[PDB]
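Just so you know, the sequence shown maps onto residues 111 to 807, 810 to 835 in the deposited numbering.
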Amino acid sequence: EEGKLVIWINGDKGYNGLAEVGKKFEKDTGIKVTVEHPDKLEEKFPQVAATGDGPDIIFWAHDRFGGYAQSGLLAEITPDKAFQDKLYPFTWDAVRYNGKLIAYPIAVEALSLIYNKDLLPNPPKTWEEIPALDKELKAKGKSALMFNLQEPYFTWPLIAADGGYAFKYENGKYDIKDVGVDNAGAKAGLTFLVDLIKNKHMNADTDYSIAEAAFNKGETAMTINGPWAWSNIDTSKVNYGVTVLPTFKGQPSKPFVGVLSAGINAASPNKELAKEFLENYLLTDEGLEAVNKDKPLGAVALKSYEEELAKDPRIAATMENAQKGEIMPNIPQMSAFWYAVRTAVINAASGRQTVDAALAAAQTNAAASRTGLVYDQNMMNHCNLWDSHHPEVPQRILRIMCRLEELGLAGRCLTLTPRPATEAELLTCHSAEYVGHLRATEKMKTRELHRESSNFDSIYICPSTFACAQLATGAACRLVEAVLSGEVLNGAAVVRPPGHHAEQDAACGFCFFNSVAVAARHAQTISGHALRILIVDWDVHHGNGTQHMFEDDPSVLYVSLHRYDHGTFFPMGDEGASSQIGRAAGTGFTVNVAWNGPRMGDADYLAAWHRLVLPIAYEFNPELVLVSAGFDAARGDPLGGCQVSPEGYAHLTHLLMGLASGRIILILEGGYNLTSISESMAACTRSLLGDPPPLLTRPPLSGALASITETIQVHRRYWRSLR
Ligand SMILES: OC[C@H]1O[C@H](O[C@H]2[C@H](O)[C@@H](O)[C@@H](O)O[C@@H]2CO)[C@H](O)[C@@H](O)[C@@H]1O
Ligand SMILES: CC(/C=C/C(=O)NO)=C\[C@@H](C)C(=O)c1ccc(N(C)C)cc1
Ligand SMILES: [K+]
Ligand SMILES: [K+]
Ligand SMILES: [Zn+2]
């Protein structure tokens, strides 16, 4: 930490060549330089940098660096004017933010039309030729064009062709409120891309690895990639040329030009050493050549070595595309921009969403991603007719919303309008028999309802009970549709009655329709395949209904922490035991952390999060996160006997946001202390809105730690993150 020097750089670059520079630096001064390449490190770095941890030196394109600087995660760079002249002036401007410098420039990288020179000696200079050109090749069992579709960076040069742009630039300023994502040029651009996939030319499944292996095996005429790719293309038995990007509507393609940059972490005590390595060991003709021999950097920022590299007709072709395109903005809103376009492209190019709809949703979130709120006051109609002392009261959801408005959190959200669940939605998790039974209760009276209520375990029914349960589930499904279509990033569904106890053909524990489960299955239908879903049930009671509903499903990872009391705590079974790991092909996808005894608190739940939940969750890698967010495990709750603070819930929430690219949906379950649940829900909503987690306090209970490790033992043979 003070005697070392660790550096991060993306896996597509030449990290091995950088290690060699770290070896010729370790030998010179004695300091060991370790270079690792984490996945999704542009997301990983701002996580650790905030909480003091992280690498000494960060490597990435300049577009992300302004976000890091706005959070004060980067150290200010102070090079003398002598070294300043050593690079091109336009590269320094890319890493200049709010006056200060915040990174060392390394190389300029722009996309190019790499193409096979054998199967296709003449590269089409227009995008419009490609479908016809694919016809002539698809007969010979060969494709025409394949490139990465899972990242918006690769399809952007086509979107920007006819007039699409991110944020408008005038003078020195970027107008956050001026976005050209849903304008004609951008729409015409993506429309043409989707049509390629519409007509069986390109496949939507195509990613970086698939597309590279296709071109390298000589079964794809053209591809789109950066200088870094060239190295792998050489070893390949493929003769390749690099030229200008094809035109769209007679317009030159405009790729988003990026600059490979190196920043110093603010928490690094090794700053001076950081300055020494980057300036006098990396940014030299010798150092830059070491990396470039591994993977081509492109057009480097260093004047001396650039003159040598500029003889390359490929680098010249890289400069041609870069000049026709535009240099990426460094403003801290780029992260929200790239996520919007990523969602829009994936959605539209699949068939789920349309060009008009997808771009319209992205247009609204280029500046910042929104958080959705969904709630209906009519859900208060469901009430107990013979017992006013029952804890599941209509005041539960009102007190929450009323508190969200007091703190002004509700206004900072994008309030979604709910709707009843369609018959199809409910039939995915509940039988038509049980649904009909429950709808029949609508026209019963208090006497008939009493006998009807005694048919189930811990249930009260009133004439409104069907409309409310139908609304709670339908509301959560609306939230699903919102997140999965780029309307929001994450959201909260303040609803009642609860649902995680509801079985397929039976009501139980104040539940009728399992809203979380229906939402899970619903999410998989609108995507059209078995989407990977994570369900975290941090309610103080075990969600027996949810577990049984996905007991054999390996596409839905269900995690639950709850009072067990040796099978005595409600719902009273052994179904919530730690040894219950699901069955069949879903074995290992049912995780039960079972508490023995009361007073489980913050330190207890945080222990489980770091030792079990997060490792398993990350290995599972969900594409959507649903939370049975009951707050009866909270402090001051009359039923749960636990002491989790609102500050604690905020941390648990904020920690789960690193999953599924931040796609989370908190759906309310239990919680019966009006002040405790409204406070906890507010603290959670704060975390969802990007607000920083508060400070905390109180060692882990021993019996809790016993409980935790007890269930990792049973799961250690099904999860490598537990080994
Ligand atoms: O796809 C969005 C992505 O675009 C850019 O990332 C590039 C990067 O610049 C290249 O060096 C290489 O790693 O390909 C990446 C895309 O796969 C932006 O730099 C990045 O912020 C953004 O997420
Ligand atoms: C069903 C349940 C938990 C539900 C939940 O929160 N699921 O998530 C708790 C039951 C066992 C309970 O303890 C109880 C206590 C008092 C009471 N009245 C004073 C009316 C009614 C019920
Ligand atoms: K639970
Ligand atoms: K499961
Ligand atoms: Zn509960």
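For each residue, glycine too, the CB sits at the ideal point set by N, CA and C.
Rounded to the nearest angstrom, what separates residue i and residue j at their Cα positions?
| i | j | result |
| --- | --- | --- |
| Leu469 | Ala454 | 6 Å |
| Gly124 | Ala739 | 44 Å |
| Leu412 | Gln194 | 10 Å |
| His547 | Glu562 | 10 Å |
| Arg810 | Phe730 | 31 Å |
| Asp801 | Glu418 | 48 Å |
| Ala471 | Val131 | 45 Å |
| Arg745 | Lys297 | 51 Å |
| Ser564 | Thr575 | 15 Å |
| residue 890 | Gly274 | A query on residue 890 cannot be resolved here, the shown segment of the chain reaching from 111 to 835 and no further. |
| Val289 | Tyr318 | 28 Å |
| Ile643 | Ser665 | 6 Å |
| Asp466 | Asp292 | 8 Å |
| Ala204 | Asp166 | 21 Å |
| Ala294 | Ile269 | 10 Å |
| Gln157 | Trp340 | 32 Å |
| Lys385 | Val116 | 13 Å |
| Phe264 | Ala220 | 10 Å |
| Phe358 | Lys235 | 9 Å |
Excluding sequence positions up to five away, which residues of its chain have a Cβ less than 8 Å from the Cβ of residue i?
| i | result |
| --- | --- |
| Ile775 | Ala586, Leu589, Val590, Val593, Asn600, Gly601, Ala602, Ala603, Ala629, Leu734, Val735, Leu736 and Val737 |
| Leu798 | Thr481, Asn600, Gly601, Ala602, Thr763, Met767, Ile774 and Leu776 |
| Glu533 | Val545 |
| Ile343 | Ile224, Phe325, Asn326 and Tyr350 |
| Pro362 | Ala271, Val354, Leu355 and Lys434 |
What would DSSP say about residue i, mapped onto helix, strand or coil?
| i | result |
| --- | --- |
| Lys154 | helix |
| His639 | coil |
| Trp496 | coil |
| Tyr485 | coil |
| residue 855 | Residue 855 lies beyond the residue range present for the chain, which begins at 111 and ends at 835; the question has no answer from this structure. |
| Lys287 | strand |
| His610 | coil |
| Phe366 | strand |
| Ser797 | helix |
| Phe730 | helix |
| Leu508 | helix |
| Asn491 | coil |
| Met256 | coil |
| residue 808 | Residue numbering in the chain jumps from 807 to 810; residue 808, which lies between, is not modelled. |
| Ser222 | strand |
| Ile775 | strand |
| residue 809 | Shown without residue 809, the model has the chain running from 807 straight on to 810. |
Could you tell me which residues DSSP puts in a beta bridge with residue i?
| i | result |
| --- | --- |
| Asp567 | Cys618 |
| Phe358 | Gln361 |
| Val545 | Paired residue(s): none; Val545 is not in a bridge. |
| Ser574 | BP columns for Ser574 are empty, so no partner. |
| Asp647 | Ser670 and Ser738 |
| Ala324 | DSSP output for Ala324 lists no bridge partner at all. |
| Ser833 | Bridge partners of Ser833: none, in fact. |
| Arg206 | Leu211 |
| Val703 | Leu671 |
| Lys555 | According to DSSP, which records beta bridges pairwise, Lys555 is partnered with nothing at all. |
| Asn600 | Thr481 |
| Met682 | DSSP, once it has assigned bridges, lists no residue as partnering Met682. |
| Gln753 | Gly711 |
| residue 808 | Between 807 and 810 the numbering of the chain has a gap, and residue 808 falls inside it, with no coordinates. |
| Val145 | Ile117 |
| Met429 | According to DSSP, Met429 bridges with nothing at all. |
| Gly351 | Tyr225 |
| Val410 | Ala217 |
| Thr525 | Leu483 |
| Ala171 | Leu370 |
Skipping 5 residues on each side, what residues in its chain have a beta carbon closer than 6 Å to that of residue i?
| i | result |
| --- | --- |
| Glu430 | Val354 |
| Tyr759 | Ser790, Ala793 and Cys794 |
| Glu822 | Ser688 |
| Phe620 | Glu502, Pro607 and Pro608 |
| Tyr415 | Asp395 and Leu398 |
Can you find the residues in the same chain that come closer than 7 Å, C-beta to C-beta, to residue i, ignoring five residues on each side of it along the sequence?
| i | result |
| --- | --- |
| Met256 | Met312, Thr316, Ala321, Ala324, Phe325, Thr330 and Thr333 |
| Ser625 | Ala582, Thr583, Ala586, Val605, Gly609 and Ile777 |
| field | Residues proximal to ligand 4 by C-beta, any heavy atom closer than 7 Å | value | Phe660, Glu661, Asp663, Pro664, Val666, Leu667, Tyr668, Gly692, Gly696, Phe699 and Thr700
| field | Residues surrounding ligand 3 [beta-carbon distance to nearest heavy atom under 5 Å] | value | So the residues near ligand 3 by this Cβ test are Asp647, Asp649, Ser670 and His672.
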